[PDB]
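Next up, structure tokens for two forms of one chain, structure 1 and then structure 2.
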Structure 1
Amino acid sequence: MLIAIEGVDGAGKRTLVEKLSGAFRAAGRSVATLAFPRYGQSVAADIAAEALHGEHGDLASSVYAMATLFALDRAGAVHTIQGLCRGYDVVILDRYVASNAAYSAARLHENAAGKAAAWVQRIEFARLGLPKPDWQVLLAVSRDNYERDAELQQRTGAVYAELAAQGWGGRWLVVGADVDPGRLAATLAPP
């Protein structure tokens, strides 16, 4: 089972990944985790992150350029994701493809029905063959240049809610910060 944890920067996804992995292990499942972007592990991920801190000229000013770099990072991880899915009962991704749709749409002042989210679906799932997640979990809540942009994060949160409501990329579950990890594990993979 492939589970993606999604939400805006500062939502607390890493903590939820840690707590959810512990709940799955308490239920007897083997778990692997993988975080995107793969900073330190791929050139595309490193350049993209650096661009959001102001490096690399005009790169960050292009929404589709940034989205393309994050997609190329994920493309280099296809074999890794497939390997983890064959070897372990549950694979939890800290951020996945929906992050690219949410931030790209929000930067362009688009909604989940706009061109950017559809472009991400086409390039990442259809063209690059990224494994489709069984669950996308939105951690809904009330430093690089995205994180400093309060309006951007607010718009991204709204796009995320729309993506979940429209079933973008697969089945979604929406949870809050107070979600109980044990019950969530039971919902995602009933005993």
Structure 2
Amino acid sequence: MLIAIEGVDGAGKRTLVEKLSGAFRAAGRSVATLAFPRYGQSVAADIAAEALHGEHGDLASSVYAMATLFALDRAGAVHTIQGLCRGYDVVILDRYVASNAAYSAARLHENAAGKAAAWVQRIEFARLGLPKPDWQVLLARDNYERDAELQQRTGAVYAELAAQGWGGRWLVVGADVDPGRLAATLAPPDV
């Protein structure tokens, strides 16, 4: 059972991962988590963050370049994800491939059917062989405005991916989602 938590609000996404983990562990199922990017454990992830803050020349001026770094991050964790799914009952990922497609398409002002989204699905799932997630849970100066526009675009792209079952079945939940009900819906009792 590989579950990926997506959304634009990271602080709430982290909370949902905590409440969801406690619910699964309360039901007797073992849980293990992993957050992307893997800052401090992957050189590709650290480079991306550093490029964001002006390092590495023009590396940040290419959306696909940054997306590639993120994709390479998960590529190095493939055997780590496979190991967790074999030794644990539930594996919860804080952000996954869907994040790369939603934010990449938003930056390029594209939709779910855009070139950037299809490229993400192609390179990470088909070429890199990243495990397909069983569930993808969507949690619904002047620079302050240039950001809010990217969040709304990313959030809309998220809504498109979930509506079309991008990379697997989805499940849209609000911040007020009940953890017990969500964990019972993702992994019902009696297998």
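Sequence positions of structure 1, starting at 1, serve as the residue numbers. Note that the rigid core is defined as the largest set of C-alphas that superpose within 1.5 Å between two forms.
Peer 1: I want to make sure I read this right: if the two forms are fitted on their rigid core, which of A11, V179, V17, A23 has a C-alpha displacement of 2 angstroms or more between structures 1 and 2?
Peer 2: The one that shifts is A11.
Peer 1: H53: CA shift of at least 2 Å between structures 1 and 2 after core fit?
Peer 2: Comparing forms between structures 1 and 2, the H53 CA shifts at least 2 Å.
Peer 1: Superposing on the rigid core, I want to see if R148 changes position between structures 1 and 2 - specifically a Cα shift of 2 Å or more.
Peer 2: Yes, its C-alpha moves 2 Å or more.
Peer 1: Enter the rigid core superposed C-alpha shift of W168 between structures 1 and 2, rounded to one decimal in Å.
Peer 2: Its alpha carbon moves by 0.4 Å.
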